[PDB]
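Residue numbering for the first sequence follows the deposited numbering, beginning at 22 and increasing consecutively. We put the beta carbon where it would ideally sit given N, CA and C, even for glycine. Right, one structure below, let's go through it.
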Amino acid sequence: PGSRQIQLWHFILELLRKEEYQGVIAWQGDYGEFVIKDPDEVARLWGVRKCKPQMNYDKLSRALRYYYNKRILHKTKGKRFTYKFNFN
DNA sequence: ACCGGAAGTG
DNA sequence: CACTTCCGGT
């Protein structure tokens with residue numbers, strides 16, 4: 022059709038614009054910054070969505086680190102599980 | 001917890 | 001490609 026596979030940063034935003042996932046992941050601090058409150062839950066869902074049952078935060082976080090070079094994401098240093106989108 | 005290299009997947 | 005898997009560092 023024109024369908025690519027579901028990107029992880031698509032999937033993070035999908036969750037982050039839904040109040041029914043605030044317990045798991047939410048916006049915090051500055052503009053574009055977010056926090057994972059339940060790292061193991063996020064990964065489980067990202068495993069469910071990609072039919073990859075052995076997914077976990079170690080593997081998911083690697084995925085996120087590959088976004089640093091690509092200028093989609095980066096880390097907020099000091100704050101745990103706190104990344105921030107590159108909207109500039 | 002967080003990093004990044006390296007090989008593997010489809 | 002866009003991750004997944006694995007794992008040796010700080």
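What number of angstroms, rounded off, separates the C-alpha of residue i from the C-alpha of residue j?
i            : j             : result
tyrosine 78  : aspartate 51  : 23 Å
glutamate 35 : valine 45     : 13 Å
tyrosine 87  : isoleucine 33 : 15 Å
In the structure shown, what three-state DSSP assignment does residue i receive?
i                : result
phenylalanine 55 : strand
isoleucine 46    : strand
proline 22       : coil
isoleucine 33    : helix
Using DSSP bridges, identify the partner residues of residue i.
i                 : result
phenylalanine 106 : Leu94
Query raised in the report: Which runs of the beta strand (DSSP E) spanning at least 3 residues fall entirely within the region 64-90, listed in chain order?
Result: Whole beta strand (DSSP E) segments, 3+ residues: zero.
Requested in this report: Taking 8 Å as the threshold, find out whether the region 85-105 comes into contact with the region 52-71 through three or more Cβ pairs.
Outcome: Touching, per the Cβ criterion.
Query raised in the report: When the Cβ atoms of the region 59-68 are set against those of the region 78-89, are three or more pairs found closer than 8 Å?
Result: Yes, since at least three Cβ pairs between the region 59-68 and the region 78-89 fall closer than 8 Å, the two stretches touch.
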